[PDB]
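**Q** Just dropping this structure here.
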Amino acid sequence: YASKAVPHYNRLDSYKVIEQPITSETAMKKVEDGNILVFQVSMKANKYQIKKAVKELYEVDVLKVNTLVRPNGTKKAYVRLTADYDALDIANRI
RNA sequence: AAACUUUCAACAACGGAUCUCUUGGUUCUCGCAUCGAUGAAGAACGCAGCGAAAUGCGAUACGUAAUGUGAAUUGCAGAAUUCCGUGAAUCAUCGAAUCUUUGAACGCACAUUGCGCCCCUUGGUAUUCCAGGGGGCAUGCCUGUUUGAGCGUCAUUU
């Protein structure tokens, strides 16, 4: 193969990428009785991305991630936590 | 005699005509030369602290930059916390950007967000398997480049 021109710039990025701490009435409960953080996402959710995300951002660790495509556009995730993260405990953030 | 019924008065009442209103329309005339593979026209889906739509905009989302205007407020003064003498959302701006998923549509598809192949770089750590970010693989022709094809055919030291 070969070349002599190209694309442009590494734009971007593309990642980020965990939405807005989707937490309400029942959600808090999740992060309570169960210890499973109810964040949200960007519909184009890269999936195990979410893992890498939380596992990076909030950084504690997670075990499952079942993630419904809520009736809104809201693509909200259902994350858990190994013996570490104690929910309300890792609810220093929210 | 009333009720009723017609009739004409005034008052309401149904209705929205007449009058006057005009950021429309309609027809005139006079300049002007520009779309797209450098991804167009069009479509979705989204983007405000608060928004349904018309409007503007694209994950940098009613907007970034840059100018001059500005000189003082914008989405102007809806409210609202709002924030300001180092220049605020307005005009111009197109000597910059961002420009999702698409559409001439483009690797294959596409009643799905489905299915492959390279190259670079991260984790598992043997390149060859699985996940993350970046760059990429349509067609017809133009021209050169670069490999190989025939008993088209030339000549060579055998």
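A note on labels: chains of the structure tokens are A, B, ... as shown, every chain counts residues from 1, and ligands are counted from 1 in their shown order.
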Using only C-alpha atoms (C1' of nucleotides), which protein or nucleic acid residues come within 12 Å of residue B:106? Drop anything in the same chain fewer than 2 positions from it, and give the result as a PyMOL selection string.
**A** chain B and resi 37+39+102-104+108+137-139
**Q** Pick out each residue of chain A that DSSP on the backbone tags as helix (DSSP H, G or I); I need them as JSON, numbers by chain.
**A** {"A": [26, 27, 28, 29, 30, 31, 32, 33, 34, 48, 49, 50, 51, 52, 53, 54, 55, 56, 87, 88, 89, 90]}
**Q** Export C-alpha atoms of the chosen residues as a PDB file, in the first residue's frame?
**A**
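The result, stored in selection-v5.pdb:
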ATOM      1  CA  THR A  26     -36.123   3.675  43.674  1.00  0.00           C
ATOM      2  CA  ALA A  27     -32.591   4.231  42.405  1.00  0.00           C
ATOM      3  CA  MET A  28     -31.355   5.406  45.809  1.00  0.00           C
ATOM      4  CA  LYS A  29     -32.860   2.178  47.105  1.00  0.00           C
ATOM      5  CA  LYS A  30     -30.801   0.240  44.588  1.00  0.00           C
ATOM      6  CA  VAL A  31     -27.781   1.983  46.031  1.00  0.00           C
ATOM      7  CA  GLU A  32     -29.242   1.007  49.378  1.00  0.00           C
ATOM      8  CA  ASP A  33     -30.793  -2.393  50.032  1.00  0.00           C
ATOM      9  CA  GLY A  34     -28.738  -3.848  47.187  1.00  0.00           C
ATOM     10  CA  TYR A  48     -18.366  -2.950  28.942  1.00  0.00           C
ATOM     11  CA  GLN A  49     -17.298   0.597  28.420  1.00  0.00           C
ATOM     12  CA  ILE A  50     -19.595   1.536  31.301  1.00  0.00           C
ATOM     13  CA  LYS A  51     -17.409  -0.888  33.240  1.00  0.00           C
ATOM     14  CA  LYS A  52     -14.194   0.840  32.235  1.00  0.00           C
ATOM     15  CA  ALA A  53     -15.989   4.134  32.904  1.00  0.00           C
ATOM     16  CA  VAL A  54     -17.213   3.714  36.497  1.00  0.00           C
ATOM     17  CA  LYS A  55     -14.237   1.426  37.220  1.00  0.00           C
ATOM     18  CA  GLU A  56     -12.231   4.438  36.139  1.00  0.00           C
ATOM     19  CA  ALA A  87     -23.048   2.073  47.983  1.00  0.00           C
ATOM     20  CA  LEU A  88     -24.044   4.954  50.159  1.00  0.00           C
ATOM     21  CA  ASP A  89     -20.342   4.526  51.021  1.00  0.00           C
ATOM     22  CA  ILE A  90     -19.313   5.142  47.416  1.00  0.00           C
TER      23      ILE A  90
END
**Q** Mind running chain A against chain B at 12 Å and telling me each contacting residue's nearest atom pair with the distance in Å (one decimal), counting only C-alpha atoms (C1' of nucleotides), chain and number ascending, as a tab-separated table?
**A**
residue	atom	partner	partner_atom	distance
A:1	CA	B:119	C1'	10.7
A:2	CA	B:119	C1'	11.6
A:3	CA	B:136	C1'	11.6
A:6	CA	B:135	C1'	8.9
A:7	CA	B:135	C1'	7.7
A:8	CA	B:135	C1'	10.0
A:9	CA	B:134	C1'	9.7
A:10	CA	B:134	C1'	6.3
A:11	CA	B:134	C1'	8.3
A:12	CA	B:134	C1'	8.2
A:13	CA	B:133	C1'	7.1
A:14	CA	B:133	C1'	8.0
A:15	CA	B:133	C1'	7.8
A:16	CA	B:59	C1'	9.8
A:17	CA	B:59	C1'	10.1
A:19	CA	B:59	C1'	11.2
A:42	CA	B:59	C1'	9.2
A:43	CA	B:46	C1'	11.3
A:44	CA	B:113	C1'	9.9
A:46	CA	B:132	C1'	9.4
A:47	CA	B:131	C1'	9.8
A:48	CA	B:131	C1'	7.5
A:49	CA	B:132	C1'	7.8
A:50	CA	B:132	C1'	11.3
A:51	CA	B:131	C1'	10.7
A:52	CA	B:132	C1'	8.6
A:53	CA	B:132	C1'	10.7
A:72	CA	B:46	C1'	11.9
A:73	CA	B:46	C1'	9.4
A:74	CA	B:46	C1'	12.0
**Q** Take the residues just selected and output them with C-alpha atoms as a compact mmCIF listing (two decimals), in the first residue's frame.
**A**
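What ended up in out.txt:
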# COMPACT_ATOMS: atom_id res chain seq x y z
CA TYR A 1 0.00 0.00 0.00
CA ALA A 2 0.99 3.67 0.27
CA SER A 3 -0.15 7.31 0.59
CA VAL A 6 -4.40 11.82 5.10
CA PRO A 7 -7.29 12.50 7.47
CA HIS A 8 -6.73 15.63 9.56
CA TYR A 9 -6.54 15.53 13.37
CA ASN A 10 -7.11 12.71 15.89
CA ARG A 11 -10.62 14.07 16.60
CA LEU A 12 -11.27 13.20 19.24
CA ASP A 13 -11.64 11.34 21.93
CA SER A 14 -15.27 9.96 21.33
CA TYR A 15 -15.31 8.59 24.93
CA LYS A 16 -16.23 10.50 28.16
CA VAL A 17 -18.74 8.88 29.01
CA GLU A 19 -24.24 10.46 31.96
CA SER A 42 -24.94 7.79 26.47
CA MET A 43 -27.25 5.52 24.48
CA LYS A 44 -24.34 4.65 22.20
CA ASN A 46 -20.00 1.11 24.49
CA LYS A 47 -21.29 -1.55 26.92
CA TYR A 48 -18.37 -2.95 28.94
CA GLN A 49 -17.30 0.60 28.42
CA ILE A 50 -19.60 1.54 31.30
CA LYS A 51 -17.41 -0.89 33.24
CA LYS A 52 -14.19 0.84 32.23
CA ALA A 53 -15.99 4.13 32.90
CA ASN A 72 -36.83 8.27 27.67
CA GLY A 73 -33.68 8.10 25.61
CA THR A 74 -32.32 7.56 29.03
**Q** What is the atom CA of residue A:38-atom CA of residue A:77 distance in Å, reported with one decimal?
**A**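 According to the coordinates, atom CA of residue A:38 and atom CA of residue A:77 are separated by 5.9 Å.
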**Q** May I ask for the distance between atom CA of residue A:22 and atom CA of residue A:75, given in Å to one decimal place?
**A**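 The value is 9.8 Å.
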**Q** Identify, on the basis of only C-alpha atoms (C1' of nucleotides), every residue whose closest approach to stretch 89-99 of chain B does not exceed 7 Å; exclude the query and any residue fewer than 2 positions from it along the same chain; express the result as a list in words.
**A** residues 58, 60, 65, 66, 74 and 75 of chain B
**Q** When you draw a straight line from atom CA of residue A:69 to atom CA of residue A:94, how long is it in Å?
**A**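 These two atoms are separated by 21.5 Å.
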**Q** List as a PyMOL selection string the protein and nucleic acid residues near residue A:83, meaning an atom at most 12 Å away when only C-alpha atoms (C1' of nucleotides) are counted, but skip any in the same chain fewer than 3 places from it.
**A** chain A and resi 35-36+60-63+80+86-87+89-90
